[PDB]
Amino acid sequence: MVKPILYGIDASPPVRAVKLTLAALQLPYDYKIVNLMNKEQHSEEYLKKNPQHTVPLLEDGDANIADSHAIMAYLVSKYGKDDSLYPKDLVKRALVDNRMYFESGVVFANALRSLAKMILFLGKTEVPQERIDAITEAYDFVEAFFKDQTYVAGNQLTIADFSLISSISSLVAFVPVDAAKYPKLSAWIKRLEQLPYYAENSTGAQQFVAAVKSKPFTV
Amino acid sequence: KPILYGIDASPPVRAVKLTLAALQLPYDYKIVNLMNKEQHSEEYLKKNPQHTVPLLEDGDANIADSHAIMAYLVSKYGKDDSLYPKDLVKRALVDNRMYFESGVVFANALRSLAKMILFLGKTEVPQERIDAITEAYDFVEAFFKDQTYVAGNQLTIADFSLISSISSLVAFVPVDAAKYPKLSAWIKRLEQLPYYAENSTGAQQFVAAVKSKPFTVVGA
Ligand SMILES: N[C@@H](CCC(=O)N[C@@H](CS)C(=O)NCC(=O)O)C(=O)O
Ligand SMILES: N[C@@H](CCC(=O)N[C@@H](CS)C(=O)NCC(=O)O)C(=O)O
């Protein structure tokens, strides 16, 4: 009976996407803190587990999986007692995959990580307008995802919603979501806030926001 | 036949083209010229509001994102799963490497620089954009260990994803074969595939487009 181990810290958006998924699956697991501020991802012990020095990492028995999106797909496929969260139908799965690849690059790499690195790590107090533009571009794209639908990848909650909420709920540290401009995006956030296990995201999202607010900058 | 929307110079388009060739799946190819802003036409925006390529239409289905498209293609049309294994541990590694490509390689290192130079008319590139490329090469060199592919001992769609972007990044930073012997050997391995010209043709066009827009790098 495998109980997996998750490595991470709650402030990290992709770690929170995996925390939401584990909670949705009601799957017990051990959680090991990798304090990124203590540069703990660069330890010799952790670099053996993950040469990319990133979190989250999941150890599942003898398996070692990095990347929140790979981890979430793996978790649902192995332990999911239905497949609503990651449907087996190929066209619907492709939409969930598409939305997670979108989160990986357009949201996380291009908008979030870039700006967070500048502010939280490099101590910059001025950032170019393009870093703010990356954020509003992401919001604009996600607003358009909804159409006549409730969630980012269909009419059911999927791991793509967990992926995208983890980062969008972090980006609001930099640019709050204008509810008038983004009504569908705002409603979707409100909907997810009502999940019984949403604190697996909101606690760390609030920590991320607090860390960002303590490092002011101009543009 | 499936329909693929793209242009050969685009890296993620070329990852899909490689996949289609590997699968021997005939398709209609519709060229969307990005330099002429054809992705912003009323008709293309209807098909894909993100105005991106590649886009695949298959019957009444629509799939965007090269990595989503490739996984779908192998799972739907592959005669076996070698290019995208059904085993969950093996699949997770392929997924991991494609997610890595999408963010660390494509969004962070390639698209950033290419948009600046090719589309936005900038000639001054911060040293940070060059650092983002060498970081990527360092990460990929480390994937191999004793294996010959990025996601295990057999060719997978993760190889097609990473070669499409790495073969474009050399426009900016040629791969030092002394520093990156495994990455170099892997490129040479893929170059042997009978259908590799589905990547090399457009990669050369990408390189040519970059050489036509001279730039300098700024920063210690
Ligand atoms: N998109 C990747 C992101 C992984 C990532 O970059 N995690 C950051 C924390 S938000 C990290 O580990 N930074 C530590 C480092 O790069 O050294 C995923 O979904 O897992
Ligand atoms: N994550 C996507 C990237 C798609 C993408 O950014 N495509 C570029 C071409 S390299 C594009 O369509 N640019 C046109 C635009 O954004 O308007 C994938 O793997 O397919």
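What follows is calculated from the coordinates using simple rules that are stated; it is not laboratory data. So basically every Cβ, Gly included, is an ideal-geometry build from the backbone, and we count neighbours across all protein chains shown.
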Excluding same-chain residues fewer than 8 positions from A:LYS32, which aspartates and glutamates have a Cα within less than 20 Å of its Cα?
A:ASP10, A:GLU40, A:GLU44, A:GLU45, A:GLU59, A:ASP60, A:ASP62, A:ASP67, A:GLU200
Listed residues B:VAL89, B:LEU169, B:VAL104: farthest to the positive end of the dipole of chain B (Cβ charges)
B:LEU169
7 Å from Cα along Cα→Cβ at both A:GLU130 and A:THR150: what's the point-to-point distance in nm?
4.1 nm
Any trypsin sites (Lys or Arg not before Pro) in region B:71-105 that lie in a DSSP loop and have at most 16 other Cβ atoms within 10 Å would be B:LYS79, B:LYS86
Please work out whether chain A counts as rounded, prolate or oblate from its C-alpha gyration tensor, where a ≥ b ≥ c are the square roots of the eigenvalues and a/c under 1.5 means rounded, while otherwise a/b larger than b/c means prolate and anything else oblate?
oblate
Could you work out the relative contact order of chain B, using alpha carbon pairs under 8 angstrom and six or more residues apart, expressed as a whole percent?
28 percent
Counting only DSSP beta bridges with both residues in region A:1-66, what percent are antiparallel, rounded to the nearest 5?
65 percent
For the pair B:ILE3/A:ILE5, report the inter-label distance in nm, with labels modelled 7 Å from Cα in the Cβ direction.
5.2 nm
Residue separation times 0.36 nm, minus the C-alpha to C-alpha distance between B:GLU191 and B:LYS47: what's the value?
48.5 nm
Net charge of neighbours whose Cβ lies under 15 Å from the Cβ of B:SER41, counting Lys and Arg as +1 and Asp and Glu as -1
+1
Virtual spin-label span in nm between A:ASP140 and B:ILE31, 7 Å along Cα→Cβ:
2.8 nm
Please find the FRET efficiency linking B:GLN204 to A:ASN38, where r is the Cβ-Cβ separation and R0 is fixed at 45 Å, and quote it to the nearest 0.05.
0.45
Rg to Rh quotient for the protein assembly as shown, alpha carbon positions, Kirkwood Rh:
0.93
Tell me, A:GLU130, A:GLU44, B:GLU101 in order of fewest to most beta-carbon neighbours within 10 Å?
A:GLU44, A:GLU130, B:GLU101
Which order do the peptides A:194-205, B:152-163 take when ranked by the mean count of other beta-carbon atoms within 10 Å per residue, highest first?
B:152-163, A:194-205
Rounded to the nearest 500, what is the 222 nm mean residue ellipticity of chain B from helices alone, with -39500 (n - 2.57) per DSSP H run of 4+ residues and division by all residues?
-14500 deg cm²/dmol
As a percent rounded to 5, the proportion of antiparallel DSSP bridges among beta bridges in the protein assembly as shown is 55 percent
Ordered by number, the trypsin sites (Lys or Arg not before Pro) in region B:153-220 that occupy a DSSP loop and have at most 13 other Cβ atoms within 10 Å are B:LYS179
For region A:134-203, which trypsin sites (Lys or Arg not before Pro) are both in a DSSP coil and crowded by at most 11 other Cβ atoms within 10 Å?
A:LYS147
